[PDB]
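The block underneath contains the structure these notes are about, expressed in structure tokens.
We use all heavy atoms of the structure for the numbers below, so side chains are in, but hydrogens, waters and symmetry mates are not. Read the numbers this way: they start at 1 and go in the same order the structure lists the ligands and their atoms. Naming: A, B, ... by sequence-line order, numbering from 1 per chain.
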2 protein chains.
Amino acid sequence: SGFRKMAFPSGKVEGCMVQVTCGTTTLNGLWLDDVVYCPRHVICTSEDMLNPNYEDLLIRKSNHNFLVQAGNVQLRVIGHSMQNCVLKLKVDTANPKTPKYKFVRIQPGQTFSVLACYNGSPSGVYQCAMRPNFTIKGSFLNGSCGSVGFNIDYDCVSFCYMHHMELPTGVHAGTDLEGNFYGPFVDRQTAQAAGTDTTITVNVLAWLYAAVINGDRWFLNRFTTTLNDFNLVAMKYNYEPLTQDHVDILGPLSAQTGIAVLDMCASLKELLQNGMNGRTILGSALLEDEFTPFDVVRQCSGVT
Amino acid sequence: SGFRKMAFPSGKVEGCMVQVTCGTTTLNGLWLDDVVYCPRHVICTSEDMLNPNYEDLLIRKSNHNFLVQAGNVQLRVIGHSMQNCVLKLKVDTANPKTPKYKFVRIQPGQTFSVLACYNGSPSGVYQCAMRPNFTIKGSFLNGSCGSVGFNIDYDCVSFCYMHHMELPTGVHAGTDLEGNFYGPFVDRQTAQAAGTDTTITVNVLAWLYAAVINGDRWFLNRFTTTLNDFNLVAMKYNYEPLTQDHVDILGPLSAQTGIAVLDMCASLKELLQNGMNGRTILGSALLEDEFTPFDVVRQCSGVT
Ligand SMILES: Cc1ccncc1NC(=O)CCc1ccccc1F
Ligand SMILES: Cc1ccncc1NC(=O)CCc1ccccc1F
């Protein structure tokens with residue numbers, strides 16, 4: 001028992017981190033097989049910041065201008081190409097530490113672990129959610145670009161995020177591993193609107209189930225609700241509308257605890273309307289939405 | 001910017017995890033050089049649970065009864081000994097993945113990362129604090145015993161915790177790597193009092209500094225206090241009394257932000273006396289005490 005915001009073990013990803021330098025800019029790259037992936041903005045200088053012409057900037061670069069160092073050994077770059085907002089540097093040596101991996105585009109509301117890196121060296125790991133507005137609230141400083149987000153399914157690493165930007169609001173934006181941004185963001189030093197965000201309802205309900213499993217039950221009540229009634233409350237409080245697909249994904253937690261999904265919705269409705277009353281749930285004084293129903297099941301069953 | 005409850009990258013520790021089976025019990029062991037460390041209760045059966053005579057239970061075991069498997073390869077056990085509450089199994093092969101390491105006994109209030117494991121396989125990593133009462137609030141299920149806590153200083157892993165028990169209250173207890181319990185706990189299936197816990201004041205202040213650095217400043221006020229006045233409030237609210245050693249450790253954060261430690265104490269005093277008023281600090285609706293001043297500095301500067 002106990003419930004923590006747990007990240008996946010980062011070892012398989014640590015073995016893929018490299019440093020990429022082009023000109024005076026250094027950031028992180030991900031070395032998988034004989035390719036190093038990194039944000040294309042490694043080719044920018046301070047004057048280019050506002051609206052870089054990446055095609056023209058890249059034309060001024062040759063393979064030998066991309067300095068790739070895997071810890072302390074230098075990689076030989078034999079090709080370079082830009083795919084969306086990422087650069088792919090072909091190297092002459094396959095990473096001996098390449099895990100089984102996939103590139104996936106995650107959905108908003110899904111969670112993943114980030115391995116924060118600086119100069120190709122891992123500094124820490126944390127779990128987070130891709131917000132409904134496609135931003136992430138991470139911990140990134142200058143030099144962290146190229147750090148990646150991922151999930152692990154036993155031996156397979158599914159890479160889902162590569163860090164590119166900090167918006168002027170202090171929230172973060174990045175791409176899938178094909179270089180496509182999540183959200184409306186562009187890799188330019190320009191103020192950019194992140195959409196209206198919402199709280200991930202299905203994750204809050206999953207976390208209320210994790211709370212009941214771990215002994216925090218004070219929020220359970222004598223009520224029930226309907227999806228329609230619950231969605232009026234979700235609307236008022238800027239929560240994602242709950243659908244039958246969400247109720248279906250909560251099936252295992254409802255089956256394990258014996259608390260019907262709509263009865264848990266009535267507990268969530270009461271907490272939204274009345275607050276916590278100075279109490280806590282799993283050590284939090286707010287409704288947590290960074291655990292998916294899969295995360296709760298994995299953590300509550302001991303999956304490795 | 002942004003501030004997260006970040007764990008150390010777990011790779012160096014993942015390479016040390018093994019499974020240890022003795023009889024019908026399986027738990028995790030830590031393989032460093034040619035020694036595997038694990039909780040001694042791996043030698044218990046269900047009847048022994050209440051008050052095991054570990055010396056007698058261990059006398060019934062030979063080297064060949066300890067089955068140690070490093071992922072999928074079997075280790076040959078050539079010696080066994082009990083040191084306090086840990087067993088040390090000498091193996092004929094040094095772990096090729098042994099990082100530079102130290103065994104340290106952490107102080108209450110210090111933080112560390114836990115790599116939760118089941119059957120010698122890592123399942124997740126999270127950061128936590130050793131409570132002032134020597135318990136930890138982790139996420140551990142049956143089979144997680146032998147999972148370890150650690151800190152990393154560039155290339156050196158300082159192992160500080162090995163998991164042994166879940167108290168009937170759902171909080172966790174364990175030992176240093178010499179097998180000495182943190183706190184008054186014994187490895188028996190008996191209800192055991194954890195002392196009165198307190199909130200780690202110096203960590204809350206460190207986290208208020210991390211909040212100001214990251215833009216959350218609404219809690220700053222026009223007041224100041226003294227250590228004496230602050231400690232009367234700390235007393236009322238079950239916070240650790242603040243000392244000059246704590247003020248000294250907060251020096252770097254005070255210097256960086258320009259907010260004198262006693263002025264931050266006056267913000268903390270007001271938050272204790274008035275609550276958050278439905279507001280948040282770094283995404284939390286409570287005062288967080290699981291970041292030390294060193295953690296804040298490391299995270300806010302980008303240390304790898
Ligand atoms: C400074 C920082 C901090 C944290 N995470 C990320 C960053 N870096 C950025 O936001 C870089 C912004 C940028 C500017 C010019 C061209 C492309 C581009 F993506
Ligand atoms: C069940 C569980 C869950 C999480 N963490 C740990 C555990 N396991 C325990 O508490 C084992 C308790 C014990 C009983 C008999 C002899 C020694 C001993 F330490």
Side chains of A:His41 and A:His164: closer than 4.5 Å at any heavy-atom pair? yes

Can you pull every nitrogen or oxygen pair between ligand 2 and the protein closer than 3.5 angstrom?
{"from": "ligand 2", "atom 1": "5 (N)", "to": "B:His163", "atom 2": "NE2", "distance (Å)": "2.8"}
{"from": "ligand 2", "atom 1": "10 (O)", "to": "B:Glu166", "atom 2": "N", "distance (Å)": "2.9"}

Can a donor-acceptor pair be found between the side chains of A:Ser1 and A:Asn214 at a distance below 3.5 Å? no

Mark yes when over 12 heavy atoms from residues, nucleotides or ligands other than A:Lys137 sit less than 6.0 Å from its NZ; otherwise mark no. no

More than 12 non-hydrogen atoms from neighbouring residues, nucleotides or ligands closer than 6.0 Å to CZ on A:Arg105, yes or no? yes

Would you say the ring centroid of B:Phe103 lies under 6.0 angstrom from that of B:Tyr37? yes

Please determine whether a side-chain nitrogen of the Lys or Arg among B:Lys5 and B:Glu288 lies less than 4.0 Å from a carboxylate oxygen of the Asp or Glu. yes

